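Everything below concerns the one structure shown next.
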Amino acid sequence: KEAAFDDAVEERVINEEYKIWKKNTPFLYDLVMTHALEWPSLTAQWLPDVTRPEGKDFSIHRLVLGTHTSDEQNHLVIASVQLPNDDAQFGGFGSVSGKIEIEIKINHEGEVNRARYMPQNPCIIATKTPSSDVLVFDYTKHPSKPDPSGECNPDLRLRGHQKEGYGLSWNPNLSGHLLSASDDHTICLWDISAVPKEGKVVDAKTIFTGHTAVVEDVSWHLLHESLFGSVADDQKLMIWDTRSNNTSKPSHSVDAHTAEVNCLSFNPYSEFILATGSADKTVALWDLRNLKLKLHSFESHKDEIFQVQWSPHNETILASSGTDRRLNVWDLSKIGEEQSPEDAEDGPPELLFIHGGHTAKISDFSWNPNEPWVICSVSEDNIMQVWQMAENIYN
Amino acid sequence: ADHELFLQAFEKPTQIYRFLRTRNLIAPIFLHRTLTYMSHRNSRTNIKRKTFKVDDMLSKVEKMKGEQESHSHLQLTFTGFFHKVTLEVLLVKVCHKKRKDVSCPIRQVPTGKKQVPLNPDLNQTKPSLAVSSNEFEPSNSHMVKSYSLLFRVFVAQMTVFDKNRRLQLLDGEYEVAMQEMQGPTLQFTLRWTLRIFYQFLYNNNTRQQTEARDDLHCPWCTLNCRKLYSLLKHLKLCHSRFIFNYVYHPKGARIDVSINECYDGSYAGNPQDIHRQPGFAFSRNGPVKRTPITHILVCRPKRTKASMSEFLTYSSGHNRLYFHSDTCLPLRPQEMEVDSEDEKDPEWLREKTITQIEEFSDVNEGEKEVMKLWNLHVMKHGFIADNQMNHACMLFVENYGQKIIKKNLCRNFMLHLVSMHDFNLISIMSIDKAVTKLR
Amino acid sequence: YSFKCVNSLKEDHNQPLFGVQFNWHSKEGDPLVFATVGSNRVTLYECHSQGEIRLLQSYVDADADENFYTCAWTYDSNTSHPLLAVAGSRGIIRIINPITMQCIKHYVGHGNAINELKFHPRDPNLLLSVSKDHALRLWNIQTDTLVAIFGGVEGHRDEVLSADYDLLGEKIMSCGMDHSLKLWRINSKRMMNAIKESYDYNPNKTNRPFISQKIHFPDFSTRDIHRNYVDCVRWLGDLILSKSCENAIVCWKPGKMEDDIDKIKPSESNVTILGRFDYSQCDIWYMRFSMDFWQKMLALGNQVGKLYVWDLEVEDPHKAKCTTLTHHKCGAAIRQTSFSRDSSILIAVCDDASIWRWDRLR
Ligand SMILES: [Mg+2]
Numbered sequence: 004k005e006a007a008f009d010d011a012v013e014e015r016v017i018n019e020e021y022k023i024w025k026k027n028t029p030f031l032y033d034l035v036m037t038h039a040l041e042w043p044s045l046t047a048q049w050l051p052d053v054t055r056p057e058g059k060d061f062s063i064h065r066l067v068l069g070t071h072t073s074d075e076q077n078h079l080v081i082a083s084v085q086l087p088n089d090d091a092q093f106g107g108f109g110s111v112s113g114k115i116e117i118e119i120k121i122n123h124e125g126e127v128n129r130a131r132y133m134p135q136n137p138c139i140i141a142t143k144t145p146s147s148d149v150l151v152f153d154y155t156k157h158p159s160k161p162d163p164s165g166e167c168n169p170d171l172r173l174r175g176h177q178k179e180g181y182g183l184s185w186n187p188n189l190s191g192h193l194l195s196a197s198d199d200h201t202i203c204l205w206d207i208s209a210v211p212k213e214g215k216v217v218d219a220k221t222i223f224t225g226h227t228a229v230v231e232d233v234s235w236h237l238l239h240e241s242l243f244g245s246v247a248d249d250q251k252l253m254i255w256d257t258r259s260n261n262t263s264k265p266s267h268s269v270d271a272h273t274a275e276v277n278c279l280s281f282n283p284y285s286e287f288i289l290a291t292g293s294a295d296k297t298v299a300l301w302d303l304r305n306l307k308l309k310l311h312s313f314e315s316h317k318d319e320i321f322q323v324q325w326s327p328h329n330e331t332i333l334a335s336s337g338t339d340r341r342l343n344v345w346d347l348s349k350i351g352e353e354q355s356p357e358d359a360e361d362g363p364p365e366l367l368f369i370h371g372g373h374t375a376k377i378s379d380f381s382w383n384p385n386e387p388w389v390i391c392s393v394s395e396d397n398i399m400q401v402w403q404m405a406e407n408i409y410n
Numbered sequence: 081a082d083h084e085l086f087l088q089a090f091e092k093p094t095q096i097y098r099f100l101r102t103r104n105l106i107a108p109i110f111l112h113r114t115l116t117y118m119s120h121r122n123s124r125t126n127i128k129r130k131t132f133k134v135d136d137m138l139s140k141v142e143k144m145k146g147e148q149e150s151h152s156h157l158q159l160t161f162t163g164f165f166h167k182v183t184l185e186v187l188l189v190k191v192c193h194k195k196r197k198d199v200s201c202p203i204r205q206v207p208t209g210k211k212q213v214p215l216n217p218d219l220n221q222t223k228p229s230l231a232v233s234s235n236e237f238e239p240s241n242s243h244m245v246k247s248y249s250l251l252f253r254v295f296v297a298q299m300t301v302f303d304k305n306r307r308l309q310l311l312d313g314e315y316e317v318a319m320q321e322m351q352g353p354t355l356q357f358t359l360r361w362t426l427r428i429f430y431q432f433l434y435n436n437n438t439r440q441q442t443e444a445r446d447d448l449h450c451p452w453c454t455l456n457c458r459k460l461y462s463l464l465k466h467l468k469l470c471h472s473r474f475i476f477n478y479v480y481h482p483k484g485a486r487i488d489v490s491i492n493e494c495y496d497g498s499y500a501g502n503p504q505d506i507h508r509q510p511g512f513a514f515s516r517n518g519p520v521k522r523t524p525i526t527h528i529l530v531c532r533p534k535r536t537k538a539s540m541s542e543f544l556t557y558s559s560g561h562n563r564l565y566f567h568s569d570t571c572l573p574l575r576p577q578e579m580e581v582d583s584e585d586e587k588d589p590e591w592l593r594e595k596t597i598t599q600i601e602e603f604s605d606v607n608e609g610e611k612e613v614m615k616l617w618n619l620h621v622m623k624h625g626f627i628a629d630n631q632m633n634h635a636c637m638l639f640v641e642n643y644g645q646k647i648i649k650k651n652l653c654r655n656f657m658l659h660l661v662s663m664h665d666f667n668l669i670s671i672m673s674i675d676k677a678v679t680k681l682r
Numbered sequence: 080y081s082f083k084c085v086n087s088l089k090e091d092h093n094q095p096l097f098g099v100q101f102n103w104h105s106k107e108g109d110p111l112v113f114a115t116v117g118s119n120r121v122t123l124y125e126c127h128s129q130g131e132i133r134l135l136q137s138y139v140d141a142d143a144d145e146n147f148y149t150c151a152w153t154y155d156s157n158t159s160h161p162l163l164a165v166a167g168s169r170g171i172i173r174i175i176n177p178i179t180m181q182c183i184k185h186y187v188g189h190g191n192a193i194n195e196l197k198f199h200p201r202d203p204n205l206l207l208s209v210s211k212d213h214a215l216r217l218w219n220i221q222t223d224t225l226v227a228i229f230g231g232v233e234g235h236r237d238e239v240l241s242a243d244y245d246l247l248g249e250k251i252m253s254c255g256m257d258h259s260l261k262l263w264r265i266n267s268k269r270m271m272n273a274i275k276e277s278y279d280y281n282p283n284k285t286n287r288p289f290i291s292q293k294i295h296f297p298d299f300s301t302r303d304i305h306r307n308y309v310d311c312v313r314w315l316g317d318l319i320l321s322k323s324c325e326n327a328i329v330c331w332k333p334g335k336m337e338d339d340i341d342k343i344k345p346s347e348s349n350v351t352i353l354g355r356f357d358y359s360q361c362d363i364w365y366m367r368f369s370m371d372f373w374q375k376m377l378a379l380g381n382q383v384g385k386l387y388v389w390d391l392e393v394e395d396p397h398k399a400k401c402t403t404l405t406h407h408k409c410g411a412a413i414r415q416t417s418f419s420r421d422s423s424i425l426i427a428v429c430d431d432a433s434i435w436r437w438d439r440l441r
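Protein chains in written order, with the deposited numbering: chain N, 4 to 93, 106 to 410; chain A, 81 to 152, 156 to 167, 182 to 223, 228 to 254, 295 to 322, 351 to 362, 426 to 544, 556 to 682; chain L, 80 to 441.
Listed below in structure tokens is the structure:
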């Protein structure tokens with residue numbers, strides 16, 4: 004056929020391009036960290052805690068990683084990283112032996128479809144599985160040395176879903192309040208703030224169904240404990256203010272993009288600014304006051320978009336990931352700024368930066384606390400990269 | 081000197097960047113205006129606050145201005164066809194492609210047809230009117246991409302709107318042609362009801441020299457560098473498969489280029505795929521496990537300044564492909580586990596020693612069998628210390644009990660025990676003890 | 080018993096060729112097809128009547144420099160497509176499908192140039208590869224696994240040259256520069272257990288690498304026959320044929336005339352010679368002879384461009400035969416001969432990238 008020949012060609016081209024980008028990096032970033040895992044991951048979460056040992060030049064951070072192996076035993080993992088915390092220090108930068116190390120392994124039944132730590136307790140995390148339920152765990156209650164037998168204490172799994180999903184969000188203000196979203200076209204809500212009789216069985220307190228398509232994502236409010244929206248392939252965003260008691264008719268519902276919506280995120284520093292992400296290769300945004308206005312559109316991704324995340328430490332900085340093996344960085348201030356024809360042929364102004372590391376569909380990324388401008392990225396090629404852009408770009 | 085050598089060699093690197101030129105021009109790898117030495121680009125600064133709770137009001141008013149107007156049916160007659182039969186007119190509706198959809202969806206719905214004359218002419222008329234309702238709907242502003250108009254008898298097509306929902310069709314008498322599968354045509358009305429030089433070295437066996445036209449634009453990627461500095465940088469980094477040198481001819485610039493010598497460009501992936509039997513390599517369709525590695529490249533930059541005078556990264560883990568010691572085949576990441584393909588007993592040795600024993604003529608089978616049965620067990624454990632020999636003969640019969648019995652050869656075993664005591668390694672306190680444990 | 084030059088061709092690169100192989104897997108009636116490999120190219124032709132030969136296909140390797148050495152025609156049990164594999168100095172083995180005009184399999188496990196490839200007469204997934212690494216390997220071209228490695232403490236010491244299956248496919252002979260000729264067996268229980276195993280292995284199934292078989296001992300050998308190199312051997316029913324640079328081909332049997340072939344003790348230390356064959360000007364090595372699928376005639380190339388032909392019939396090797404078919408164009412050398420499934424045509428390669436053709440008139 005043709006597609007085979009064509010793909011061989013495309014592969015060789017991508018290889019060349021990565022060669023070039025690597026040769027060119029030194030003038031581009033303030034940090035380059037690459038590390039290969041045995042099995043890839045599908046998760047990313049920076050632990051909100053940081054320790055910095057004295058007499059040295061580096062910090063220490065802990066990361067929350069998942070695992071989707073081929074066939075063998077699945078695991079939940081959290082490992083260690085030694086970020087340089089210094090400006091004058093530079106074997107490589109610090110010790111010679113190692114800068115990354117695994118520390119936490121837990122047996123897991125099925126792959127990991129999602130994993131987030133609870134905001135109130137980082138020792139509490141959730142887990143989406145190939146099954147139709149939810150698992151919760153507290154690592155401090157299990158040894159890092161994994162059970163050579165296999166499956167172990169599910170640590171209060173949940174119930175109320177019928178197909179798998181990917182949505183996951185604790186309520187920031189209210190403990191125990193956690194939302195879910197699966198192929199069931201439904202949103203299931205447990206409240207584990209108080210389950211003395213665990214029994215590994217808790218059913219979702221409330222189950223919402225307003226989308227008639229497979230739901231894609233859900234996120235709580237950032238200030239309100241009784242507010243959150245919804246995302247399905249319906250290309251319909253529905254506003255779900257709880258305490259109104261209707262799992263059928265939400266508070267609001269409009270069409271966001273012409274293609275199915277995938278990812279969704281709210282600005283922390285503001286009250287109203289929403290960040291939306293869809294399959295439309297588009298990026299839109301909205302406000303809680305009025306909604307019948309697609310505020311703006313970022314139009315440079317060349318395939319679907321699967322993740323959006325605002326910046327901590329920065330009010331006007333956002334991030335767009337997808338499948339194009341690229342990663343974008345925008346700017347809300349430079350909206351329509353007259354630029355030179357060469358600045359324009361470079362690109363539109365408001366687009367701020369584009370990451371050029373990975374060579375596969377960028378699975379997932381994350382900001383972190385404890386550090387101003389750094390993000391880790393995970394692809395499907397067993398690849399983990401951490402970087403810091405050069406400084407000169409801003410200011 | 082078959083100059084095709086000079087040709088064929090420098091032929092290769094060219095087309096590559098050539099393709100890459102176009103690709104990057106549409107497939108940006110990184111915004112150049114971010115680059116350090118391309119600092120003249122990105123004329124704008126990063127000086128702004130731009131609170132957000134006001135960004136809405138600026139749009140809240142702008143949308144009042146942005147709403148210019150809208151259009152509020157149609158009717159049109161077809162003047163007879165002209166050529167040097183009934184007609185067919187359609188209303189095709191196009192929607193947006195979706196996730197599972199590979200191509201855009203199109204819906205060809207007919208509003209109707211009529212009976213046009215058989216290629217009529219002028220001065221013969223004394228007439229089929231086409232009237233349209235609002236088939237298009239405002240709800241379609243989320244699902245349909247566009248609407249067009251089709252005409253057949295023999296094909297013709299027109300579209301109704303613009304991407305801005307802007308109608309493209311005013312009212313009036315229009316003359317149009319059409320194609321089948351000057352000439353045939355139809356009329357109708359409408360109604361809404426420093427010179428720079430180069431030198432190409434070939435190991436001094438020959439060369440070629442040229443001159444840059446429209447200089448300070450990349451001779452490959454047409455990148456507009458405004459300085460010899462930035463241009464030299466972009467060249468010695470991006471189009472790296474060559475090598476360069478700065479000559480500074482008095483006329484403003486001269487660069488004698490040469491081919492790179494090593495340019496270590498080889499696949500950088502799972503180093504194993506290189507040898508997968510073809511068709512499976514680059515499968516890219518299933519997770520695969522491999523050994524862990526970690527590199528560091530950018531740790532702490534210098535951030536110096538420009539200096540034309542100047543113009544004239557470690558590992559952690561296994562970074563290669565290991566092989567089997569005896570067959571020179573690849574080594575799966577799992578096979579490289581505790582299996583160490585080495586121990587004290589090589590098969591071929593056991594064979595060789597027995598055979599060599601059988602060369603001897605002046606021996607009885609009641610002796611050769613014994614010697615072999617023993618020497619093999621000797622090899623099997625590697626006994627060295629003399630304090631072991633007692634335990635040795637013990638374990639020996641402890642294993643070969645059934646056999647020597649089945650061999651009925653214990654009597655020569657005892658003769659051997661004799662010999663060994665004679666060589667001062669057995670005490671009498673065990674020789675018997677053997678025959679005891681034997682039964 | 081009369082062939083005539085009805086055609087002769089020549090390449091353009093002018094670099095000597097070595098290989099000639101009719102496809103002896105022709106469903107009865109299908110046209111005659113044969114191939115030939117040169118410096119770094121392969122060639123596909125078809126025999127036509129009136130001394131006509133038609134170019135069909137040709138491939139080439141550019142990415143390195145190699146001097147291809149051998150070829151062999153086989154098929155696919157799955158869909159019956161013709162199959163050709165070749166190998167050169169680089170020591171790699173490739174497998175090409177003309178139906179798709181692509182290579183589907185490549186094998187790299189040797190350490191030097193390869194010298195010959197043959198298949199088991201019965202099984203079509205068993206490829207024997209002889210190299211200069213003193214090691215004769217043997218692959219399952221279907222499950223992509225090695226099987227045996229003949230050579231070691233008692234192997235050949237210098238650059239194995241040529242080998243040949245027995246007529247039935249359970250016994251092999253080998254010959255190399257060290258004047259040495261050794262016998263291997265395949266019928267042993269261990270061996271066939273190994274083979275059956277080979278036909279069963281899933282890499283995804285186990286964390287284990289397949290386990291080959293190492294053999295460190297010939298069944299029998301000697302170096303008493305020639306006092307020079309030996310570079311081509313042929314099973315003869317249960318008799319042997321071999322040539323040297325001593326300008327004579329010899330036939331013999333191991334042990335004594337009474338000694339059966341399948342009772343031979345490994346420590347056998349005697350051989351029985353029967354007769355000799357004679358020719359002129361074969362004063363260089365690496366020159367081969369072939370025989371008809373019906374084992375009735377003998378062909379042999381020559382240094383000065385001549386030919387020499389015998390009959391494998393009751394013709395007593397004392398005065399068996401003498402037949403020299405000659406032409407006046409090239410006398411550079413002739414490497415290799417080849418017959419069809421029948422005895423219709425006979426091709427041979429001259430040293431100057433020129434082909435020849437001889438059509439028989441019985
Ligand atoms: Mg391949």
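Beta carbons are placed, not taken as given, at the ideal position from N, Cα and C, and that holds for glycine.
The C-beta of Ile352/L has fewer than 16 other C-beta atoms within 10 Å across all chains shown, which makes the residue exposed.
Chain-order list of chain N residues neighbouring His561/A: empty, with the shortest C-beta distance near 10 angstroms, by a criterion of under 9 angstroms.
Annotation for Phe368/N: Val344, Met404, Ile408 place their beta carbon closer than 7 angstroms to its own, counting only its chain and skipping 5 residues before and after. Excluding residues up to 5 positions away in sequence, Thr331, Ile332, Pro364, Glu365, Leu366, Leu367 lie with their Cβ nearer than 8 angstroms to the Cβ of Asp346/N in the same chain. Not one heavy atom of ligand 1 is found less than 7 angstroms from the C-beta of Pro573/A. Here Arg304/N is exposed: its Cβ has fewer than 16 other Cβ atoms, across all protein chains shown, within 10 Å. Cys653/A sits in a helix when the DSSP states are folded into three classes. Under the criterion of beta carbons closer than 8 angstroms, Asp232/N and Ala290/N do not qualify as touching, at roughly 12 angstroms. Remark: the shortest separation between the CB of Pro503/A and any heavy atom of ligand 1 does not fall under 7 angstroms. Distance from the CA of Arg341/N to the CA of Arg473/A, rounded to the nearest whole angstrom, comes to 24 angstroms. In this structure, the straight-line span from the alpha carbon of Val246/N to that of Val276/N is close to 6 angstroms. For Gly497/A, the C-beta contacts it makes with chain N under 9 angstroms involve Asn18, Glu19, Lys22, in order along the chain.
For the segment 516-528 of chain A, residues whose beta-carbon sits nearer than 9 angstroms to a beta-carbon of chain N comprise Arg516, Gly518, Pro519, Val520, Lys521, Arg522, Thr523, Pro524, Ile525, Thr526, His527, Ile528. Inclusion of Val209/L and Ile193/L in the CB contact set at 8 angstroms is warranted, their separation being smaller than that value. Taking a C-beta distance under 8 angstroms as the contact criterion, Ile174/L and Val187/L do not qualify as a contact pair.
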